[PDB]
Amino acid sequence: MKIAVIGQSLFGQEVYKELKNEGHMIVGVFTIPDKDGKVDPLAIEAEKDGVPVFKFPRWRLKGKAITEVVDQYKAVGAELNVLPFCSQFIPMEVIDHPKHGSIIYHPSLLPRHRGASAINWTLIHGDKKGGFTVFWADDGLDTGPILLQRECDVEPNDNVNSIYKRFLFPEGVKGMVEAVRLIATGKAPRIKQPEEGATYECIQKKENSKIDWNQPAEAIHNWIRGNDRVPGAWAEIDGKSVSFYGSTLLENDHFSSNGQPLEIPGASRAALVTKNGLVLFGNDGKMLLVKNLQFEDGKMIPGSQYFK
């Protein structure tokens, strides 16, 4: 069938490629502008294939849909919109335009974790199960009826990147293809999302990913891994903002106290720079180990080398 892809990133690129190779006519690709030496991966791939590529900075202005962008969208005549990681607000005029409406990939077990940082909050809350949902867009925020869903186990030391790469990305592409297949054969369902279990969490930016040290080590570990790599959990250390990556909870080594004491403002207790990384303490006195640190200038550095 005729499909418009509205999204961005590698995931968008992969969904576009698999849908095209399934035999679907991609009539248009709607993604983000270059910024600015960098073209979005979905834009690159579609352009290679001679598919119309649109780079709208925005779809609406002062709450109202922008007519130019809506008409340009409608010109390609999609019978279905597919939205893999759309970071822009898409007007319901576009959403409802095609024959089959629009479907959206969302990396949580809806109705849990509605909102654009679902993966982060899956880990921040320490969920044991995670996964993705493909759902039909309605006017709400990730509230639309479910087409399909897929589950995976969350690992104790999963960060955003690892759960994404192990399951959410590759199984997500497969799930998007299967969903379009179900729509094409005419048997895709619409399961109204249940009320119970529904949550929303805020979008994770640098501005709101600052570490609260007054928590158990397990909560701090979850916060750090739940923002690793993006946007990066951070705290102040000796004057400057430092991001923490590659966390794991520890057991019983004592501690080995062979490490070098590192004062961290607000921390329950001074940290330890050890040969294996930065040992941090929660308010329960329990430890986590951070592998890497990054400073204001994106300079990444192993935790073990803070002083060295």
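Sequential numbering from 1, following the sequence displayed.
Would you mind comparing 1-9 and 298-306 for me and telling me which has the higher average C-alpha temperature factor in the entry?
-> If you average the C-alpha B-factors of 1-9 and of 298-306, the larger mean comes out for 298-306.
Greater mean Cα temperature factor according to the PDB record, 92-100 or 113-121 = Of 92-100 and 113-121, the stretch with the higher C-alpha B-factor average is 92-100.
Which third of the chain holds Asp142 when residues are ordered by C-alpha B factor: lowest, middle or highest?
-> Its C-alpha B-factor, which the entry lists for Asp142, ranks in the lowest third among residues of this chain.
Among the modelled residues of its chain, does the C-alpha B-factor of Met287 lie in the lowest, middle or highest third?
-> Tercile = middle for this residue's CA B-factor.
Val15 CA temperature factor, ranked by third within the chain = Its C-alpha B-factor belongs to the lowest third of this chain's values.
Could you look up the Cα B-factor of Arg225 in the entry and say which third of the chain it sits in: lowest, middle or highest?
-> Tercile = lowest for this residue's CA B-factor.
When the modelled residues of the chain are sorted by Cα temperature factor, does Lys174 land in the lowest, middle or highest third?
-> Its C-alpha B-factor, which the entry lists for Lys174, ranks in the middle third among residues of this chain.
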